[PDB]
Amino acid sequence: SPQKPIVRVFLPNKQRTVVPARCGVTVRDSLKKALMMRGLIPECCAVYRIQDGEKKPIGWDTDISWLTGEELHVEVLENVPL
Ligand SMILES: COc1cc(OC)c(/C=C/S(=O)(=O)Cc2ccc(OC)c(NCC(=O)O)c2)c(OC)c1
């Protein structure tokens, strides 16, 4: 059934957006909107999601429709954060 699923991304500065689980869409497209909805840009950010007290670094080329229902984190790449 054509349901509208969503995945919420925590933007930089501890904000949070929500994007539909865009099928055939990479993180970059979906969450570049996410940045722009805060007024930010996808250039200076990285995308990785916090799991069990840990971090699972996602790829900007990752298909976002697999990350549905799961909240992501976008963290500013300042001086290459590990
Ligand atoms: C900060 O930048 C953004 C922040 C947003 O939010 C904080 C939204 C979007 C909010 S939203 O409410 O439209 C998400 C959304 C979509 C579909 C849903 O069901 C199908 C539901 N269901 C739960 C509910 O209705 O609350 C929620 C944003 O969108 C581009 C950008």
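Just so you know, the entry's author numbering puts 162 at position 12 of the sequence shown, and the rest follows in order with no gaps.
By construction, the Cβ of each residue, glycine as well, lies at the ideal position given by its N, Cα and C atoms.
First through last residue of the beta strand (DSSP E) which encompasses residue i
i    : result
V197 : 195 to 200
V169 : 167 to 170
Buried/exposed call for residue i, threshold 16 Cβ in 10 Å
i    : result
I200 : exposed
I156 : exposed
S151 : exposed
Element boundaries [alpha helix (DSSP H), containing residue i]
i    : result
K182 : 177 to 188
Nearest-angstrom Cα separation, counted from residue j out to residue i
i    : j    : result
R178 : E220 : 16 Å
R166 : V159 : 5 Å
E228 : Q153 : 38 Å
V168 : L161 : 10 Å
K182 : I191 : 7 Å
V175 : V197 : 15 Å
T218 : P231 : 26 Å
Cβ distance (whole Å) where residue i is taken to contact residue j below 8 Å
i    : j    : result
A184 : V224 : 7 Å
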